[PDB]
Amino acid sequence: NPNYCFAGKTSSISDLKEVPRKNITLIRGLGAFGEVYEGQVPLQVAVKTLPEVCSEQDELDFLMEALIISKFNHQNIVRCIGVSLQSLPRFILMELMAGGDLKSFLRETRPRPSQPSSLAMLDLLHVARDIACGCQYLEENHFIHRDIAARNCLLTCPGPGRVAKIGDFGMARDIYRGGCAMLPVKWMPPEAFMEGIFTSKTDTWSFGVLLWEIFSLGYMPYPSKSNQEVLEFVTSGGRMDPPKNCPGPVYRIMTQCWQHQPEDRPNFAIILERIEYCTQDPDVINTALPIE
């Protein structure tokens, strides 16, 4: 059984909370490798499954995922309730995030003539703050996520009291121990996709892209550009334009996250400070989002 180290503390498969399989009931499904279900332990959970038809590396990958999420402890990182590894198919049990992933949420909850006031600027700033808080936790514990993106964040509920959390750590899992075409190039800084150099400032760049995703209400970054076109564009100093109706102060946080030199990019303490200032500024939060 592989070991995992986080914050200088080492854990093993023996440290995972094994929940008896008889206590777990699948309720309903919720494309990638494996399925996800809503389940009950009652305690409502999301259940990630490992296909019984998998390789040894798929097994090790699944195990490492369990170890990684079980060792985080922060309000903006999805909780792991436990695992069921002693029966097949193997399960990882997670906090049920009823709002689903952030990208889907943004696309489905866009303001529309039918839902004219579904979202406001403050909703978006709160999501940004939530994920930046999770990112700050990761930074201060020296963990590099490597794929901070809307598709990897989840919401606790659809409604106004929603909290956003980081939910998928597959890329970090892969690196901890795929192909070029699967690399999240549109979320990666130049030194990452060029030299394979990752630091805390890697996630700062990606967070800038997430911010663009949030304020675009769920558009794919770099509209109309392929991965290689983005690589060349960003390497040459190109950056995305502001999302439709994006307040200047918010776009300015994006452009600071996308500084070419990692040393010139803000850490997450500074990002949080700037997001908070935006939330205080009436001219920002009184700005109307586009209606489709």
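One-based numbering along the sequence shown.
A chain break between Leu30 and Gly31 is present, corresponding to 1 to 3 residues of the deposited sequence without coordinates. The modelled chain breaks between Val41 and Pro42, where 4 to 9 residues of the deposited sequence lack coordinates. Averaged over their C-alpha atoms, the temperature factors of 228 to 236 and 56 to 64 are higher for 56 to 64. Taking only CA atoms, the mean B-factor in the PDB entry is higher for 86 to 94 than for the other of 86 to 94 and 201 to 209. Out of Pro113, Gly100, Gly218, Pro189, the entry records its largest CA B-factor for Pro113. Of the candidates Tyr176, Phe72, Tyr222, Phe105, the deposited coordinates give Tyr176 the top C-alpha B factor.
Sort the modelled residues of the chain by CA B factor and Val185 lands in the middle third.
In the deposited entry, the Cα temperature factor of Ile285 places it in the lowest third of its chain's modelled residues. When the CA B factors of the chain's modelled residues are split into thirds, the value for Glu140 lands in the middle one. Sort the chain's modelled residues by C-alpha temperature factor and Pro262 lands in the middle third, per the entry. Sort the modelled residues of the chain by CA B factor and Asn76 lands in the lowest third.
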